[PDB]
Amino acid sequence: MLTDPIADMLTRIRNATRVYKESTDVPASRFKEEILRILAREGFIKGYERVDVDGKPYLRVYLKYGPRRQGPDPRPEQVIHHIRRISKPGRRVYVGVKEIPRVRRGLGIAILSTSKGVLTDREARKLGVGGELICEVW
Amino acid sequence: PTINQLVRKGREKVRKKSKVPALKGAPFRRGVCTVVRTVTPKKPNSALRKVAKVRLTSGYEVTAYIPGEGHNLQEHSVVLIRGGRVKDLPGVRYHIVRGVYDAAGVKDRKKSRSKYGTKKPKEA
Amino acid sequence: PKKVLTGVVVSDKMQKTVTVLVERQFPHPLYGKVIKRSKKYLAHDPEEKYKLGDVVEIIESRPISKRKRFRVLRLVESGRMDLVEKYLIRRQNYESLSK
Amino acid sequence: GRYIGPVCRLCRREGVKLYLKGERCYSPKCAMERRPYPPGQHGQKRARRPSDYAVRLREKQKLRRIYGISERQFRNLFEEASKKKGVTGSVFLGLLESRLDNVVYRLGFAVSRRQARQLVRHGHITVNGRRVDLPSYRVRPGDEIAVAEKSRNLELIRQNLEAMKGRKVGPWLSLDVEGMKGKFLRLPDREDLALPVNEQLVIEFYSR
Amino acid sequence: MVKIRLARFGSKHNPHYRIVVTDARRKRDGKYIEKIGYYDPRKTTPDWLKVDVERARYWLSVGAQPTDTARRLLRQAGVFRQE
Amino acid sequence: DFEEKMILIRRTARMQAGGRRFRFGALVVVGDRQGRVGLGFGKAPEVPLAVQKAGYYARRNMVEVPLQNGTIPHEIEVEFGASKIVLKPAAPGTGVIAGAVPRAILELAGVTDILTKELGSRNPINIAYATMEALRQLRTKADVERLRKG
RNA sequence: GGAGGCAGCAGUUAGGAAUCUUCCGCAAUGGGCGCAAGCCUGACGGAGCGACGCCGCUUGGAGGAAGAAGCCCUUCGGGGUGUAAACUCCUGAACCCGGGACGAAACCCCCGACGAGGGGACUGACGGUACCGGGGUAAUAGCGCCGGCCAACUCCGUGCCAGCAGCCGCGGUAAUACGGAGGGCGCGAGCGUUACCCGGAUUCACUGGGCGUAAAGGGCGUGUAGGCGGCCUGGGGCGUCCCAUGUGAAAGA
Ligand SMILES: [Mg+2]
Ligand SMILES: [Mg+2]
Ligand SMILES: [Mg+2]
Ligand SMILES: [Mg+2]
Ligand SMILES: [Mg+2]
Ligand SMILES: [Mg+2]
Ligand SMILES: [Mg+2]
Ligand SMILES: [Mg+2]
Ligand SMILES: [Mg+2]
């Protein structure tokens, strides 16, 4: 019945990106969208749109890749090189503002749920708030 | 393990084994030679190796290597035991400290003199 | 302040005392998961007013017996025999752990 | 400490001309000129290519030998540098060079750093007017380093301050040959010292 | 009773006291209620006697007795002069 | 005029009717100390040809190292086989803190300050190959912003 | 019939690999009693012994040969020890002479009121010590290692013996691994050894591991506690995050 729908969403992204899919579908939640809002805003995904497979709400996510490459193996570089759930139903992870992580030394982003919404590490730090470490991306 | 398993049973902290009941965890131990005798090493090596069975203050009788070319240990010689085994004599977990109690130094020794309990020779 | 705790009445077999079971949750110091532990408190009920299933604030107090150092503050809600049944199942299962 | 015993024998081995005798280790003599090979029965044999360890051991040893400082004092000095603000390598030199015995040599009150030690130690040096005999003494920016009034006209001191008429004293310092006074202005920049020492390998020595 | 007195700090041949208020029954070097001054009997520095007067007065007024030697030092920083 | 550092020499053996028969393998890193490095593993019936070939293949397998004042843009962990290298940038004065294999590789890339750990299988070869894969995957702030536009 | 209880300071004895003076002084700080003088204080302040630990300092400095002698190697030309020594100057640890502390101003006494405030007197165990001045002698160096890890190699002796050894393993008559020499490397009033703790050990793995064949899926269901729980809206605000504030003693960092 899906233990962790967020994890499942991140995993749908990683699985799709590793086979260079144009887009992928994920059963919809408001929370899922708010995560995607950010992925988009930070440029890991082209963006998303609500849709309706067989009478039911999904979020179709539009994946983004690098240029095709030279040499044996011309597969594009990933924009999303790495996307990893931190907090999870079996071990929830919470961090206040002063111990938010710096992910891949600035070139990455962490994402968290806060009392002011879903923010990145930079948003949160500048807002002065902590929250649940949903996941990290780079 | 899942984190819940780790909560429930946790991880077993290592725990580890003395090579050396010089009881107490003393660094040394007084004993008396019970028997002084020679023994033969384990397969690869061949020698007439010098060991003393030693009855200890620590309550334990154990064997102990007598390092150095030549020695002066006999049946009631008092001895300082040291710890350190010998990859070659099975069940010899200890050395005798030359230069102490009844263990003489090693005569003519000139190089590694402070092991082997040998006084700095006179350069007359 | 006097420590206030809330929890359910899982025993009223005693005279003017109710056994009140308090759940609480902390993060695990090492592994971080939120854990749920529970303690039972004998709580003074001088007017035998509280019955089994009652959810009650418990308040710290002048000792009333050995064991009793908590009076019953007030009644949060009533007849939660579901939480009572839970504890008793946990207790009855012990009969199947011996030799 | 300060070693005591043959020097322009590690003027060799390090294979690179330290300046442990000041004046001779300039003649056709520092043996770097004569016998630029390691001491001993070997020394002029096939050099076996150095382990990564030996590379650094040697670099560390080079630097230390330059200042004539015990390894215990050196490591300490170094560990202090590490904790201190910003670039451990550069800073560490500055601390070595802040030493009194060495400041005195940089002023040319003495020919060699060994000598400087002996001068300091014998009451001939004075910092800000009071006399100091601790070679390890740390010299701070702004300090007057002079020669003791009673020592002022000693054979060795006049000789040595006679040679300082002419010379330029390192930019981080000032000198007053007539009145025998010196001023430690600021800490030595990493370049102000043309050291035959890649200090970055010395940091790496202490990383093991 | 409670006291204003010299707690010994510093080191051998280096006496440096703290002027401190403390139950009389503590050991000399023990836990104390509050620090108020410090004192260096050898004046190795110019700021060698310091006292927080407005606190010492609080403590004197609630019945702390000072040591002879402490009194002397509060007097010297005018805890006692009243205009 | 790349520098060259000889990381591993070994002698392997194979079998024939009445005989062991040998071959040598050399792991050589080649690099300018200015952001370019190469790894090559060469084999031959004698040592110097192995070293020689290694040299050849290294100059033929090189990499963009994006230095930044002698350190690295960001952390990376690469697994190669059962070997693992972890790589962490460091400020100046840090030194290159590393095992003999990844040290060589990073020095000749012109890394001055970096922190490392060999985890997993320490086999010098798969560590070498993984250090290289690590640097091959480093990206600069600029590389990253370029990847995400509109 | 009596007497006794050092896990107070010293000390003895035994046990032990092993741990101090039956020291000086209440001058200081603190404590008890006293109106006070003062008494008491093995708390304490000091001295002593021990490289037990840490920091500092010395055993010289500058000159000095294409380079003595000895000793080691030698391809019998040399090479090494080594600018090391000898030798010339220079300085002057120790020593000896003179002087000599801070730590101590209170309590007390007198003026004032036995308050504030002003003035006076006593007091030093450490100690004739620290330190200052004046003279002034070239004046202890050792320990470990040199097969790889590990920095540093030759000759002789030895011949699975003697012996080494932390692991791999060295020793069978050319041994860089035994023993000695010379030479070297590393530290240096120390250097090694043994013991124990952490590290390395991501080898109990939260960070940060695994189970087809390497150790590891329970013989399979059913199911209790427990752990975990799809989508939407609202209330609560326990988790969570934020701010303030209290607390987080001193010492240590
Ligand atoms: Mg040996
Ligand atoms: Mg392994
Ligand atoms: Mg005894
Ligand atoms: Mg561990
Ligand atoms: Mg494993
Ligand atoms: Mg099997
Ligand atoms: Mg198996
Ligand atoms: Mg099965
Ligand atoms: Mg259930």
# chains A, B, ... in the order shown; residues from 1 in each chain; ligands from 1
>>> residues_near_ligand(ligand="ligand 7", cutoff="8 Å", atoms="only C-alpha atoms (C1' of nucleotides) and all ligand atoms", output="PyMOL selection string")
chain G and resi 213-216
>>> interface_residues(of="chain F", to="chain G", cutoff="12 Å", atoms="only C-alpha atoms (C1' of nucleotides)", output="JSON, numbers by chain")
{"F": [83, 84, 85, 86, 117, 118, 119, 120, 121]}
>>> residues_around(residues="residue 112 in chain F", least_positions_apart="5", cutoff="6 Å", atoms="only C-alpha atoms (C1' of nucleotides)", output="PDB file with C-alpha atoms, in the first residue's frame")
ATOM      1  CA  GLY F  70      44.741  23.487  -4.711  1.00  0.00           C
ATOM      2  CA  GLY F  95      48.291  19.023   2.948  1.00  0.00           C
ATOM      3  CA  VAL F  96      47.202  16.123   0.766  1.00  0.00           C
TER       4      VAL F  96
END
>>> residues_near_ligand(ligand="ligand 9", cutoff="10 Å", atoms="only C-alpha atoms (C1' of nucleotides) and all ligand atoms", output="count of residues only")
5
>>> closest_atom_pairs(of="chain G", to="ligand 3", cutoff="9 Å", atoms="only C-alpha atoms (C1' of nucleotides) and all ligand atoms", output="JSON lines")
{"residue": "G:14", "atom": "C1'", "partner": "ligand 3", "partner_atom_place_in_ligand_line": "1 (Mg)", "distance": 7.6}
{"residue": "G:15", "atom": "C1'", "partner": "ligand 3", "partner_atom_place_in_ligand_line": "1 (Mg)", "distance": 6.7}
{"residue": "G:16", "atom": "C1'", "partner": "ligand 3", "partner_atom_place_in_ligand_line": "1 (Mg)", "distance": 6.0}
>>> residues_near_ligand(ligand="ligand 4", cutoff="12 Å", atoms="only C-alpha atoms (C1' of nucleotides) and all ligand atoms", output="list in words")
residues 11, 12, 13 and 14 of chain B; 198, 199, 200, 201, 202, 203, 204, 205, 207, 208 and 209 of chain G
>>> residues_around(residues="range 21-33 of chain E", least_positions_apart="6", cutoff="9 Å", atoms="only C-alpha atoms (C1' of nucleotides)", output="PDB file with C-alpha atoms (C1' of nucleotides), in the first residue's frame")
ATOM      1  CA  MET E   1      27.488  31.905  58.996  1.00  0.00           C
ATOM      2  CA  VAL E   2      28.102  33.076  55.442  1.00  0.00           C
ATOM      3  CA  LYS E   3      31.444  34.752  54.789  1.00  0.00           C
ATOM      4  CA  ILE E   4      33.362  37.141  52.475  1.00  0.00           C
ATOM      5  CA  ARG E   5      36.793  35.656  52.185  1.00  0.00           C
ATOM      6  CA  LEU E   6      39.851  34.798  50.230  1.00  0.00           C
ATOM      7  CA  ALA E   7      39.799  31.630  48.125  1.00  0.00           C
ATOM      8  CA  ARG E   8      43.297  30.661  47.016  1.00  0.00           C
ATOM      9  CA  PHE E   9      43.966  30.241  43.339  1.00  0.00           C
ATOM     10  CA  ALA E  56      29.632  43.098  48.498  1.00  0.00           C
ATOM     11  CA  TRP E  59      26.121  40.484  50.975  1.00  0.00           C
ATOM     12  CA  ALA E  64      27.882  37.918  55.698  1.00  0.00           C
ATOM     13  CA  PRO E  66      34.134  39.299  56.050  1.00  0.00           C
TER      14      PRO E  66
ATOM     15  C1'   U G  29      44.834  31.982  53.177  1.00  0.00           C
ATOM     16  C1'   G G  30      41.093  29.441  55.517  1.00  0.00           C
ATOM     17  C1'   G G  31      38.727  27.113  60.219  1.00  0.00           C
ATOM     18  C1'   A G  43      43.371  22.066  56.871  1.00  0.00           C
ATOM     19  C1'   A G 249      28.755  26.420  39.550  1.00  0.00           C
ATOM     20  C1'   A G 250      34.067  26.728  39.820  1.00  0.00           C
TER      21        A G 250
END
>>> residues_near_ligand(ligand="ligand 1", cutoff="12 Å", atoms="only C-alpha atoms (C1' of nucleotides) and all ligand atoms", output="PDB file with C-alpha atoms (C1' of nucleotides), in the first residue's frame")
ATOM      1  CA  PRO B  67      66.212 -14.591  26.038  1.00  0.00           C
ATOM      2  CA  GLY B  68      69.938 -14.010  25.366  1.00  0.00           C
ATOM      3  CA  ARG B 109      76.506  -8.176  24.947  1.00  0.00           C
ATOM      4  CA  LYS B 110      77.255  -4.873  23.378  1.00  0.00           C
ATOM      5  CA  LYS B 111      74.469  -3.961  21.018  1.00  0.00           C
ATOM      6  CA  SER B 112      70.890  -4.152  22.233  1.00  0.00           C
ATOM      7  CA  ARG B 113      72.174  -3.921  25.772  1.00  0.00           C
ATOM      8  CA  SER B 114      69.101  -2.629  27.692  1.00  0.00           C
ATOM      9  CA  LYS B 115      66.960  -5.545  26.643  1.00  0.00           C
ATOM     10  CA  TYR B 116      69.125  -8.465  27.851  1.00  0.00           C
TER      11      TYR B 116
ATOM     12  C1'   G G 144      66.529   2.289  20.379  1.00  0.00           C
ATOM     13  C1'   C G 145      66.738   0.868  15.548  1.00  0.00           C
ATOM     14  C1'   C G 146      69.200  -0.095  10.269  1.00  0.00           C
ATOM     15  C1'   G G 147      65.246  -7.578   6.126  1.00  0.00           C
ATOM     16  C1'   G G 163      70.246 -17.220  18.446  1.00  0.00           C
ATOM     17  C1'   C G 164      66.277 -13.414  16.512  1.00  0.00           C
ATOM     18  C1'   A G 165      60.846 -12.602  16.391  1.00  0.00           C
ATOM     19  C1'   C G 170      65.292 -14.969   9.307  1.00  0.00           C
ATOM     20  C1'   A G 177      66.981 -10.507   9.588  1.00  0.00           C
ATOM     21  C1'   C G 178      71.686 -14.312  14.670  1.00  0.00           C
ATOM     22  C1'   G G 179      76.552 -12.060  17.536  1.00  0.00           C
TER      23        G G 179
END
